[PDB]
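Just one chain follows, in the form deposited in one PDB entry, and it is written as structure tokens.
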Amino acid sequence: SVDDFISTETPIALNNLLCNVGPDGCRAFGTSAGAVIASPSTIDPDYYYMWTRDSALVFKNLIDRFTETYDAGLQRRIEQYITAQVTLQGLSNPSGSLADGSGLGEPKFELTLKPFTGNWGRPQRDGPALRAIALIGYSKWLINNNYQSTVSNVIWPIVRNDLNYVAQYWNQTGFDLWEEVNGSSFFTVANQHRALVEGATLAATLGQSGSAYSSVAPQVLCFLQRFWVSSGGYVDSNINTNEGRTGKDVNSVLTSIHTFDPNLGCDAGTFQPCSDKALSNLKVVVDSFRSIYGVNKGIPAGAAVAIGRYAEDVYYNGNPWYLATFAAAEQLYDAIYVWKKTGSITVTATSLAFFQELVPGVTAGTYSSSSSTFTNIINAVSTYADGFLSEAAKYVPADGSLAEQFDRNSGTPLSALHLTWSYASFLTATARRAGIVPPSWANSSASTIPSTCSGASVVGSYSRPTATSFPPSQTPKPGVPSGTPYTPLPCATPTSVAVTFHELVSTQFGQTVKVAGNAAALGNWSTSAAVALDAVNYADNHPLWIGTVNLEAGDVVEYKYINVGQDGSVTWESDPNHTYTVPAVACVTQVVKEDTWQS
């Protein structure tokens, strides 16, 4: 049963999610405190970086969990994530610097919390919005528990930079959440709108300046309306671009679930999950995958299918994604929640096709909780939503691991292993199924659309946050649900650890980088026995060499990189030797050591 899968997968998903959080997660061990790896995959693909988006989506989930039941272990991680942003905001990077806010649009960073210097689809203007939303989430908790001073001193300067960025740069093109399309993107705009609304509210509570945010927000909402295609009944996910796609993209479904607020009911203006526009869009998006994936062969209309990002996708050949398939279920669980709470379901001309696929012959109208129609709809939609979970479940391996994708024909996992966002997406979908909803972000007025739109923006001011520490033991006030600290799943302690040496060093044609060191596996300082690294991930402006050696757990190793020429001549990097103690920690079987050539 679905219930069986949920009960089994939940502790695995939570464990695997937290394994990807530094400095102590089992697959992110030795990364910076508060860093989140997108995936431990370092080769084909190389996802061993911290993205602003993935990190913020993951921590929003954790903050929501933590808000439901206090967990001092989660609190520790949340605090470290927040303080890591102090370092990141200050960075000058290829998108720009903090001075004019432009640097905040940078999509990804090295896990040492240094800039990523390679070519990339930058900027991505959703990042600051999503980060603000996460930090505002935690701020709400602190305020409710009488720690408002901590918000003002530690969190608000960080949040204020991100909010100023949104208010200044929302009306500018950039890359979408898939990092491919330079334009105006639904997910980005909608989250920018939410960030400004929550920001204005938090500012008012703190007695800080928020009027810029509240005056810009309605204009962002105004622009969001332009993504709707009335003739097709779906959202064109990217506009102001010439990419030549239909625009039918799980982008829009993710948008609905990440800006869900049940207090907004079935508001179509903000694209709520039970809104007629969101329901119509869901059907159009799902339908775009029904006929194209081998895994969907033989599944009838009215039944759940595996879905991907967008039908035109050619990334790894274009496949279903776990997070996309879970997102469809989540939107439906969100819809069911609101229908049950309000005791009423409205079918309109816009959502009719969606409903008739599930309840043949139903017509437009309003059906109350006493009607047989209400019960019929609830059951049909619940079954369909569970169907998306069960479809994804067919392709989850016995160990419960979630990669990024599963093959469109065979269902075998592919691309990045242990994608942090895949685990978050399972956790959120299943929370909504159980009727666990996140804190509200809007009031009724946050849905009122202006008469005429303009690209109104405000030039902001940016300053480096300086506070990098939280007061100890910020426990909940009496009466708040409270529990014991999180403990990871148990494993054996390994005797051997795969150590991936990950070295940035600019080299010229015919040169090879090797690692030499005192351990037998490293060649006991012999240059002939040194371990050659690979240039598989090498680029001139991101000169990465990589390779993996098994070392004895607990061993203290000393090493240096060498550059070996065509002629066999050896160049040692400058002193001192690197000194590394190989971890001997239960569950830590592979680590990445991120080095830069010592000049």
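A residue's number is simply how far along the shown sequence it sits, counting from 1. In this text, the rigid core denotes the largest set of C-alpha atoms whose superposition between the two forms falls within 1.5 Å.
The same protein also has a form deposited in another entry, omitted here; what follows describes it.
Rigid core superposed between the shown form and the other one, residues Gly510, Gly207, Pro472, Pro300 considered: the one with a C-alpha shift of 2 Å or more is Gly510. After superposing the rigid core, the Cα of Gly554 is displaced by less than 2 Å between the shown form and the other one. In the core-superposed comparison between the shown form and the other one, the C-alpha atom of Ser569 has shifted by at least 2 angstroms.
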